[PDB]
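Okay, so here's just one chain, in structure tokens, the form solved without the ligand.
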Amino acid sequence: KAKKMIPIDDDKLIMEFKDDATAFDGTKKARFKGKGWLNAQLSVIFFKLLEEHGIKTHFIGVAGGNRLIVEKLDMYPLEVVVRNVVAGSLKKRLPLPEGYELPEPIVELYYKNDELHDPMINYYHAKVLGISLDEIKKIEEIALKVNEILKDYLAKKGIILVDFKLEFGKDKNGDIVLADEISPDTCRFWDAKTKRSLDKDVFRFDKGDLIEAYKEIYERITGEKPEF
């Protein structure tokens, strides 16, 4: 959809961010010039923040342009979703309005499977998929810690971390390592004052110009205007 993966060797690979955007199970599609760059840069900033906080990520370095060098891992077939504020699919699962502030974070597990359109699963389904209760517990522990770090950091910049999606794999030591990306593609970010979307929802629901929203996040996070 929005990224490619180039092998280097056993230890590492390239993760390239493309300008393509898709939504609604890729039934909606557009290209946004500079999106790749924005999403690459923001992933790096977030990975570096998490690393300083003692979160193990796959981030190794940058390879110019929209390319990151990342650790190769045995990927878990999961999308791990952490939610602070009601939005998106949660409205179809709990009878609560968009914008409802949750009493505590919700963690949701989704089975990465295109044939089944990524259905939500629980710990028992995960076990049948070969993922132990210990592993699931470690995964959710990390996700919730990531949540705390990102939401605090972003709030001190005028942004509500509404929800976000993470992916994980295992390294050669058997350690659980945070993978994939962290960007306005994979998070919901709302302005603290106006509650307006500064993320992929701008594209999903035609709420304005996506590049404009993604630049605004970047500027608010870095304090600099996007170079490209």
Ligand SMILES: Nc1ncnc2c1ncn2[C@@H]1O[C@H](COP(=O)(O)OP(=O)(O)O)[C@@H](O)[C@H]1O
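Start at 1 with the first residue shown and count on from there.
If you look for the form deposited with the ligand bound, you will not find it shown, but the lines that follow are about it.
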{"property": "Interface residue in the bound PDB entry among 129, 142, 75, 154, criterion: non-hydrogen atom within 4.5 angstroms of the ligand", "result": "75"}
{"property": "Residue (of 70, 50, 40, 159) lying close to the ligand in the bound PDB entry, criterion heavy atoms within 4.5 Å", "result": "70"}
{"property": "Check all three, 44, 191 and 220, heavy atom within 4.5 Å of the ligand in the bound PDB entry", "result": "no"}
{"property": "Heavy atom of residue 5 within 4.5 Å of the ligand in the bound PDB entry", "result": "yes"}
{"property": "Distance check, residue 13 to the ligand in the bound PDB entry, heavy atom within 4.5 Å", "result": "yes"}
{"property": "Contact flag, residue 137 vs the ligand in the bound PDB entry, heavy atom cut 4.5 Å", "result": "no"}
{"property": "Heavy atom of residue 180 within 4.5 Å of the ligand in the bound PDB entry", "result": "yes"}
{"property": "Within 4.5 Å of the ligand in the bound PDB entry: residues from 145-167 (heavy atom criterion)", "result": "167"}
